[PDB]
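Neighbour counts run over all protein chains shown; Cβ positions are idealised from the backbone, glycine included. Read-outs throughout are calculated quantities, based only on the coordinates presented, and are distinct from any laboratory measurement.
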Amino acid sequence: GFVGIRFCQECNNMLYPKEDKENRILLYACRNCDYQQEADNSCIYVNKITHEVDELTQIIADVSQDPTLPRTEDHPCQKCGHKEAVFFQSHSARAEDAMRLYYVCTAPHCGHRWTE
Amino acid sequence: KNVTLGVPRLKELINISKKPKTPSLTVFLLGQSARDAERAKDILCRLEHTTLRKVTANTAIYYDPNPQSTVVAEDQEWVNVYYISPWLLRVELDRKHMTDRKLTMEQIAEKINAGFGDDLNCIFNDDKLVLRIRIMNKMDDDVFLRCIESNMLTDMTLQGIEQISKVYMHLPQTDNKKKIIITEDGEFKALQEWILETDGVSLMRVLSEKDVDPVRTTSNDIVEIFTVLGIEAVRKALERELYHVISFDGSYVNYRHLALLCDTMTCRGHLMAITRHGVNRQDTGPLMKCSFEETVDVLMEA
Amino acid sequence: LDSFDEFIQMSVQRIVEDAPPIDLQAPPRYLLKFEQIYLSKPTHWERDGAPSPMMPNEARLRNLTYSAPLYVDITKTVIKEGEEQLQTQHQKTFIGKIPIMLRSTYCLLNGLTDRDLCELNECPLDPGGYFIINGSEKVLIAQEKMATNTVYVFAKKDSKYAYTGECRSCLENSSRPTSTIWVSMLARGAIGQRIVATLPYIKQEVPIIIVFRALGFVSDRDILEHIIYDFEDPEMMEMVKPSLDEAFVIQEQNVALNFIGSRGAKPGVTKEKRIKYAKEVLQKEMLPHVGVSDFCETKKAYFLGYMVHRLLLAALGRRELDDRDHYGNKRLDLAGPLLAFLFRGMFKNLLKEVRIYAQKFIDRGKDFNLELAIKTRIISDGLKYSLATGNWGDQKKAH
Amino acid sequence: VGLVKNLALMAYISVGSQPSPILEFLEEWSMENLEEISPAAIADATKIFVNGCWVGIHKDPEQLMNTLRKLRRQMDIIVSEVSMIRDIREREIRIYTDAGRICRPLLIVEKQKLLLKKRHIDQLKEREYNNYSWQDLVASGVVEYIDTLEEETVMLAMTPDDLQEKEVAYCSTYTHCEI
Amino acid sequence: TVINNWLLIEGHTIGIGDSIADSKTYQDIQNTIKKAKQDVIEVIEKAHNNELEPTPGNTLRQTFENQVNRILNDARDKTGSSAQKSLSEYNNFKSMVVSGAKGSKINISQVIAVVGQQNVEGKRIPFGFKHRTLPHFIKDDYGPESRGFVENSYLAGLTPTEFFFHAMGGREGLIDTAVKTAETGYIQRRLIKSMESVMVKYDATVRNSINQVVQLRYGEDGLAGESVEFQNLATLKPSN
Amino acid sequence: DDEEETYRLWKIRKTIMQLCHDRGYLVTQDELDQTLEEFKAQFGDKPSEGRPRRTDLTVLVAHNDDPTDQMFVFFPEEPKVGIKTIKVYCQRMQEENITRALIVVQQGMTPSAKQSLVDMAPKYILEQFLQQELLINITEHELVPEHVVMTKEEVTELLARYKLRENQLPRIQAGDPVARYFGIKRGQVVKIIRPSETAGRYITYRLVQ
Amino acid sequence: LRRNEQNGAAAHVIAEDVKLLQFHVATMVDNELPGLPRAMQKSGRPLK
DNA sequence: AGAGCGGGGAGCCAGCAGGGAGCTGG
RNA sequence: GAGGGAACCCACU
DNA sequence: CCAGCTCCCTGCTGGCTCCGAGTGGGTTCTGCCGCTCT
Ligand SMILES: [Zn+2]
Ligand SMILES: [Zn+2]
């Protein structure tokens, strides 16, 4: 589970993690000023070595408007039943181990993306 | 295998280069380990460099001040079986990379306890492959755990040898790297035996290794063979490398020219590069040296 | 022909307009302003002095240079103590001779029919597109360059920087030498990987968050609004975190400009002069194309954050690295841009010499003639030398 | 070798233009300036670059690109040599008006049909009579100049035999055709 | 002299009729190319539907590229072999190839059957655009005609994409010559200056200018290299 | 682990036996081919426990021609080796009156230790040899040809046949791995026998520099 | 320099003129030494 | 007034700043 | 019966 | 005792030299403009 950058509400800087031993709990403290805050998550950091599998969250629906993309009729959209979908490979640096085809529905107002 | 040939390899040969573009070893195996594939794979795995980063799926850091009540709540049972800094390092190892390296988790754990001298304690269990790291007893402990986590990921060797980035196992179909034996009938028989190719040079460790042939295992690195085996050995290895470069095209050069070049580069006991740094540092006269290169520098020197 | 026509119709006029005016003081005050150019047709002046329309064959045979005189309107205002401004208008002052591309708009072969060309002993199938310098036909080979004002992210191999964003920022609508900024990222070989910025005329690396504070954004939230546009992306947060860690120690704007000015070409001994040097670098010299005037800091900060964002997109593998040999990343300096670069340099030299001469004649004298002030040999011989030799610059720096 | 090159026959290096009329059109065509936006609007919008200067963002990039191409194809506010690129995946629109860009004319294809009809050829059989010329062919929206960075988003048919197709047509979204 | 004056009687030419193949051979070459292109499409469908199993030592790109290149090289080899089997004894391309005077069977294959795959830096034609080799292809097109397989011969003539990809391929050879000249010359100069003074002395030893022994005998046997010949040892290989 | 380090100790001991046999020292045929079973039975199985102990592995050999010409082979317990260690071992070499020894270190010696070795070299010859370097016999490699250390009479006969000086011969460094294997000093000449593609056999000579 | 040391002269002009003498002699011997300006002909080209 | 004259990469070698035994010194 | 150099460009194999 | 303490090991990094052979042909340039003195 990823953790983002949390901000001090007074001076809008970055909250650094810290512990207080008396309560012995994790509190996020700003160090531009002297503000502290209780941490909702005990997660401080996760490193995700082999969790670059997810790519569908990087696709936008606007690629259905690309004239240079290949179109197919044999993969209907599950979300709306439109026959035509553009398909493409992943445009990332993690593509070096995958010929995975991602499909995007070409019908406007739907923009559904999937794989196989 | 992306081995270099032609003009750039000849340049790396006559200019005695400490950094070949693709350094390699030709590891030959002894006995049954040469014959069957699985023991040769054992040899490969014990030569292949494996850090923690290769076998790790995730490393996460937690604030878990009470291990009796784990904040992850998926590790609770065996932590309570075993049960300190409040900072937890939870390491999840990927299943397939855990299996194909033929590792078991206690080997990893004893590697950490050996490397850090039990300054930091390690709990482990699997059945999700999970280790847990805490630090036993102003440069805050989460930042120290950051630092040791990066040290575990990058500069920690589990198995294998550090300079060998990759190992390719293959069974040669040609007689150039087959095992040629003389049978009891008296013929020459070519035996197909599994050989390994590497992407780095650590030839001394590899030669010392279990079931590796200490006789025929060789490198393509000239400096490394010179440092490990001597000057007549690097004379023969340089002969072999030059012959390979020349005869890759099928072209033939008489042996005496190669022998004369190798004898010239190995006559004075060290590897004399075909450069100004090798030729201009002999006991030749100043006029030959100035005719070759760095004319004014040589003439001032004389 | 089109590039030369743009050079003459537009580029020399904008070079004259772009020239700052001559302020000279002893003290009497002298302002010199260059307003409107005029280009005649190619004419020859013999030793008798009568102007004649010069044909291209005459230039080829007699080893002349096919050039046209360039006249400019100059206004001189004199400010005296207790006396109003004096406005003198020198109309159509000769300042040099521009070589004319053959069969261009201002060539004498323009608009001529094939019969008219054959009466002039010119081939109608001759394309034009060249100059006649000392009777020699000289062609300006177009020169490739990387495209300006565009962020390109590469991977410096065998370097201590893993990824490097780059923008040869050049001010549009004006001729001005390009200033390159390098927002880059260190290699893993440091607890984190930090984003850094290499600035023009700054001898040392300065971190990017210090620069963002130096344009006047002290909150990390304000800076990250310019760098990261969607806060629901954690990985780009994880890579921007080491920069905030390395640049936390500077928290306000003035100490940030001090940190910038600490390693210029000449560090200012006065802290206030260091702050002024930092303002001059961060405004005039860092990303000139997004803005050059005062109070243009938000557009410049947005473009710098875009450059950092592109760098982080490449470092995530989320966007492909740019190709140097991709030819949409290249521009072709034709005769227009090349001659405009030359003419900017030589007009700067002409202004320098006129300013020196008039300072000399107001330091001991009281007035100067402006006709004697302008050395037309500067523009004329510089254009003639660069087109004749091909060594494209100044004569004394030809190596 | 490979360092000295030669132009192709119909290649034309762009001479340069001023960004000002395109900027005035963009300001009055629903583009929001960077000074007057909150940064939160940037994430789902399309950034607009004019000669490499980020001048604002737009919410409907396809309609803006269609309007821009329609303006260029009739020799309106945008002149014919201006390059207009939509990085659709990257959510950017780059407009280039500067010099040095090398472009070439291409036949515009709309709905698998050339906009070049027989009336254009019949008019171009009599240049010396009708005063119809190539510039009239550009002004009719039939051909347009595409440079290298714009060519990386167009879909070219080598011949009009490609526009007329069957079976696995390979492509039904041709935008341009080789002359 | 004798053979050149007999050649006035016999005569020797090359024409456009030596590059013509049979109609049956044209059909065979077209069938081989069609089948191989269909095989490449099948491998593309296998990789796209995630049914391509990576091989030891290779990534998925490397296995896909190796398998596609194996299919295309098998196509080029089979079409070439069909082209040479089509040749008559009166063919002049064959006449100069079997004499060894000029050309190879690869030239006959390229002229008659298939030019083949055009490679830049040992790989197929790279995606110089955004995932396209040329703007005449769709994005992420890994098929043969997109990535530089010229399915035409030199007599058939190349299509414009094939022409451009073949120009990309030939520019590689021009560059390799023009940049190998200087490095090879520097290597020759360094070798000469390293061994210029080494010579066989009158006691048959091989010594340099410092009179230091490099070899005790030249080539370890004391023989000159212009008179030694390839021979076979008759007692090495046979059994006991 | 005790088993693998016992394997290393056995292989080091076998390599030292082969080395001492190559130097002319009297090493019997039984201890040339000492198997791992025989090493385990004679010395032990658990070095960390201490049944094979490195100071118990110290070898003493004598030359074939000269019985009083003896060489020690020491195996220090500690991984590094410092000045007190060479001082202890050299006092031991004094009290058997032996001038030659090998020191098979694990990790290595500090620079002061090697400097002390060079200082005491005129009286007692002490050769450092890392365990990693001794885990194989490099003279059994296919690249290393047959080295034979020449006697002084043979060197003088050589230089009279080829009318040569010492500096006109090819050279080999004293720090060469084969030169370290044979324990040869400067001024000695090594006769290298190697096979030849053209001649069959070729004999080179190398002066130690 | 001979004129300057023949009469009375300051130490700093002597040191500067010694610097010029050293530069001229060194550029006669070698005209590509880094960190110092190239000795040039009055046309602008460097000397050989 | 006018004339001649003063005035790009790729690979080595060396040199510096940080290590870490360690004899001399309580 | 023989009085310039240098730089740069183009080309040839 | 144990803290003090010198002297050879490693490593970054700026200086520094090198980058095919042989041919034609061309052009432009060196050698430059203010003077101080009669
Ligand atoms: Zn705060
Ligand atoms: Zn849909």
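Among the residues in the stretch B:16-29, are any within 14 Å of chain A (Cβ to nearest Cβ), part of a loop (DSSP other than H, G, I, E, B) and closer than 29 Å to A:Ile49 by Cβ? Explain how you work it out, then say what you get.
First, the residues of the stretch B:16-29 that are within 14 Å of chain A (Cβ to nearest Cβ): none.
No, because not a single residue in the stretch B:16-29 is within 14 Å of chain A (Cβ to nearest Cβ), part of a loop (DSSP other than H, G, I, E, B) and closer than 29 Å to A:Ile49 by Cβ.
Can you tell me how many residues in the stretch B:80-108 are part of a helix (DSSP H, G or I) and within 19 Å of B:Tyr62 (Cα to Cα)?
Restricting attention to the stretch B:80-108, the residues satisfying the condition of being part of a helix (DSSP H, G or I) are B:80-82, B:95-100, B:105-108.
Adding the requirement that they be within 19 Å of B:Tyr62 (Cα to Cα) leaves B:80, B:82.
Adding up the residues that qualify gives 2.
Scan (1) part of a strand (DSSP E or B); (2) in contact with a helix residue (DSSP H, G or I) (Cβ under 8 Å, 6 or more places away or on another chain) for the single condition A:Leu26 breaks and write down its number.
Of everything listed in (1) part of a strand (DSSP E or B); (2) in contact with a helix residue (DSSP H, G or I) (Cβ under 8 Å, 6 or more places away or on another chain), A:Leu26 misses just condition (2).
Exactly one condition in (1) more than 8 Å from chain C (Cβ to nearest Cβ); (2) surrounded by fewer than 19 Cβ atoms within 10 Å (Cβ to Cβ); (3) of a type in the set (A, V, I, L, M, F, W, C) is not met by D:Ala43; state its number.
(1)
State all residues of the stretch A:11-44 that are touching a strand residue (DSSP E or B) at 6+ places or on another chain (Cβ under 7 Å) and either within 16 Å of DNA strand H (Cβ to nearest atom) or of a type in the set (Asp, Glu) (or both); if no residue qualifies, say none.
Hits for the stretch A:11-44 are A:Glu19, A:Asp20, A:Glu38.
Mind listing whichever residues of the stretch F:74-115 are assigned to a helix (DSSP H, G or I) and out of contact with any strand residue (DSSP E or B) (no Cβ under 9 Å at 6 or more places or on another chain)?
Of the stretch F:74-115, the ones assigned to a helix (DSSP H, G or I) are F:83-95, F:111-115.
Residues satisfying the conditions are F:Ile83, F:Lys84, F:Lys87, F:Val88, F:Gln91, F:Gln94, F:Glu95, F:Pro111, F:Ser112, F:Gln115.
Just one of C:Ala214, C:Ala147, C:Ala190, C:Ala197 is surrounded by fewer than 18 Cβ atoms within 10 Å (Cβ to Cβ) and hydrophobic (A, V, I, L, M, F, W, C); which is it?
Matching residue, one of C:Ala214, C:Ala147, C:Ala190, C:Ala197: C:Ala190.
When C:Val183 is evaluated against the numbered criteria (1) within 16 Å of RNA strand I (Cβ to nearest atom); (2) touching a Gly at 6+ places or on another chain (Cβ under 7 Å), which criterion, by number, is the only one it fails?
Only one criterion in (1) within 16 Å of RNA strand I (Cβ to nearest atom); (2) touching a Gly at 6+ places or on another chain (Cβ under 7 Å) is unmet by C:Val183, namely (1).
Give the number of residues within the stretch E:202-240 that are of a type in the set (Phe, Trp, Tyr) and surrounded by fewer than 18 Cβ atoms within 10 Å (Cβ to Cβ).
2
I'd like the residue in the stretch D:53-74 that is aliphatic (A, V, I, L, M) and in contact with a strand residue (DSSP E or B) (Cβ under 6 Å, 6 or more places away or on another chain) and, out of all such residues, is farthest from the other protein chains (Cβ to nearest Cβ).
Filtering the stretch D:53-74 for residues that are aliphatic (A, V, I, L, M) and in contact with a strand residue (DSSP E or B) (Cβ under 6 Å, 6 or more places away or on another chain), the one farthest from the other protein chains (Cβ to nearest Cβ) comes out as D:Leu68.
Can you tell me which residues in the stretch A:1-10 are farther than 14 Å from B:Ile61 by Cα, in contact with a strand residue (DSSP E or B) (Cβ under 9 Å, 6 or more places away or on another chain) and part of a loop (DSSP other than H, G, I, E, B)?
A:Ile5, A:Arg6, A:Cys8, A:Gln9
If we only count strands (runs of 3 or more DSSP E) wholly inside the stretch B:164-227, which ones have 1 or more residues that are under 26 Å from B:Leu271 (Cα atoms) and within 24 Å of the chain's Cα centre (by Cα)?
Output list reads B:195-198.
For the stretch F:91-107, which positions are loosely packed, with under 15 Cβ neighbours inside 10 Å and within 16 Å of DNA strand H (Cβ to nearest atom)?
Answer for the stretch F:91-107, where residues must be loosely packed, with under 15 Cβ neighbours inside 10 Å and within 16 Å of DNA strand H (Cβ to nearest atom): F:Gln91, F:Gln107.
Are there any strands (runs of 3 or more DSSP E) wholly within the stretch C:122-193 with 1 or more residues that are in contact with a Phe, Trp or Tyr (Cβ under 8 Å, 6 or more places away or on another chain), away from every other protein chain (no Cβ under 11 Å) and not β-branched (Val, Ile, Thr), and if so which?
Strands (runs of 3 or more DSSP E) meeting the threshold: C:131-133, C:136-138, C:152-154, C:161-169, C:179-186.
Kindly evaluate C:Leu312 against the criterion of being crowded, with 19+ Cβ neighbours inside 10 Å, in a helix (DSSP H, G or I) and within 14 Å of chain A (Cβ to nearest Cβ).
yes
Could you say whether any residue in the stretch D:108-126 is part of a strand (DSSP E or B) and within 22 Å of D:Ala8 (Cα to Cα)? Outline the logic, then answer.
Step one: of the stretch D:108-126, the residues part of a strand (DSSP E or B) are D:108-109, D:114.
Cutting the leftovers down to within 22 Å of D:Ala8 (Cα to Cα) gives us D:108.
Yes, the stretch D:108-126 has at least one match.
Take the residues of the stretch B:289-302 that are buried (at least 17 other Cβ atoms within 10 Å of the Cβ) and within 17 Å of E:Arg189 (Cα to Cα): which is farthest from the chain's Cα centre (by Cα)?
B:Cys290
For residues in the stretch C:209-235 being among the aliphatic types (A, V, I, L, M) and assigned to a loop (DSSP other than H, G, I, E, B), which is nearest to C:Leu257 (Cα to Cα)?
Only one residue tops the list, namely C:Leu215.
Pairs under 9 Å by beta carbon, first residue within 19 Å of C:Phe94 (Cα to Cα) in the stretch C:379-399, partner assigned to a helix (DSSP H, G or I) and within 12 Å of RNA strand I (Cβ to nearest atom), six or more apart or different chains?
Matching pairs, first to second residue: none at all.
Considering only the stretch D:128-157, how many residues are over 20 Å from D:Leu71 (Cα atoms), touching a helix residue (DSSP H, G or I) at 6+ places or on another chain (Cβ under 9 Å) and away from chain C (no Cβ under 14 Å)?
5
Go through (1) surrounded by 15 or more Cβ atoms within 10 Å (Cβ to Cβ); (2) within 16 Å of ligand 1 (Cβ to nearest atom) and name the single condition A:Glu19 misses.
Failed condition: (2).
For the stretch A:54-116, which fully contained strands (runs of 3 or more DSSP E) count at least 3 residues that are within 16 Å of DNA strand H (Cβ to nearest atom) and under 19 Å from D:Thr173 (Cα atoms)?
Per the criteria, no element qualifies.
Go over the candidates A:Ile59, A:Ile49, A:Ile44 one by one and state the one that is facing another protein chain (nearest Cβ under 8 Å), closer than 30 Å to E:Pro54 by Cα and either within 16 Å of ligand 1 (Cβ to nearest atom) or β-branched (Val, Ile, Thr) (or both).
Numbers: A:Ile59 fails: facing another protein chain (nearest Cβ under 8 Å); A:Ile44 fails: closer than 30 Å to E:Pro54 by Cα.
Going through A:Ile59, A:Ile49, A:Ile44 in turn, the sole match is A:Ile49.
Quick test of your reading of the structure: B:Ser85 fulfils all but one of (1) of a type in the set (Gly, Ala, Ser); (2) under 20 Å from B:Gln163 (Cα atoms); (3) crowded, with 18+ Cβ neighbours inside 10 Å. Name the failing condition by number.
Of the numbered conditions (1) of a type in the set (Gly, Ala, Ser); (2) under 20 Å from B:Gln163 (Cα atoms); (3) crowded, with 18+ Cβ neighbours inside 10 Å, the odd one out for B:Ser85 is (2).
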